[PDB]
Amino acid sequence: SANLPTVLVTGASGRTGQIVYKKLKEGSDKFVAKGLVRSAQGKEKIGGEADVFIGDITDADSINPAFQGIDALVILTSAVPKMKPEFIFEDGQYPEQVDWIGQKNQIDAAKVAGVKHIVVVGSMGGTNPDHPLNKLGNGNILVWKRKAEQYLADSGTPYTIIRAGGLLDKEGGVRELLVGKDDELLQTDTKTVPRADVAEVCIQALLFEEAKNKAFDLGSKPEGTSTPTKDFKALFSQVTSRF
């Protein structure tokens, strides 16, 4: 409902996705949490609870049930490279299918259900088509994720696109978070961010109107070189880019 949003997080058994899922449950006062995962193993990993759905984002009908009644969507799905030390994408699970098409299906499902807000987590690197990450498993992962991002900006639904720096497994809430445009943070040594702060930014974007129709790159300052971001109003306000 307008005042108690049902928020679906997809890739909810993912590393960032599961922090988003728990934070929607921990604070299941301001939100009703709902998770989408790819397998029964993923669903059990996260508590196996009733608000978790199983589906394949490359099969639009298999994910449609999860979208019923939702108010917001946080997309935390990604094509994931597999190792045979050389990396490859499983068949029909390339960034084209998973990140472009897989996300297209979420976005289309969400418009149907009348979602007020879709948040998507992506990656820095998308202003440069020759970026090293695109070579990984011959995928063009950043190209396809950008396509999904542009498709989301295009759809008419209020959106927040979060292009994270290198993901860290470090404590959330303890860093100054930095917000950039067009990969500019990649010139710095502040171009990486804990998974738990990306998760926090997804949830915060839900709470502030200043986050709607914004696209930014997300980095952080090392813990101890500044005061932790506590004021997300100010943070979102410094963004002016729509893409």
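Numbering starts at 1 and follows the sequence shown.
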Give the stretch, out of 201-209 and 27-35, with the larger mean C-alpha temperature factor in the deposited entry.
27-35
Stretch with higher mean Cα temperature factor, 184-192 vs 61-69, is 184-192
Among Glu90, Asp108, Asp99, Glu149, where is the Cα B factor highest in this entry?
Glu90
Based on the PDB entry, the highest CA temperature factor among the options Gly165, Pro95, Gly122, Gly137 is that of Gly137
Among all modelled residues of this chain, ranked by Cα B factor, put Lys104 in the bottom, middle or top third, i.e. lowest, middle or highest.
lowest
Of the three thirds of Cα B-factor ranks in this chain, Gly224 occupies the highest
Where does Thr160 sit by CA temperature factor within its chain: lowest, middle or highest third?
lowest
Among the modelled residues of this chain, does the Cα B factor of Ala79 put it in the lowest, middle or highest third?
middle
Relative to the other modelled residues in the chain, which third contains the C-alpha temperature factor of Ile118: lowest, middle or highest?
lowest
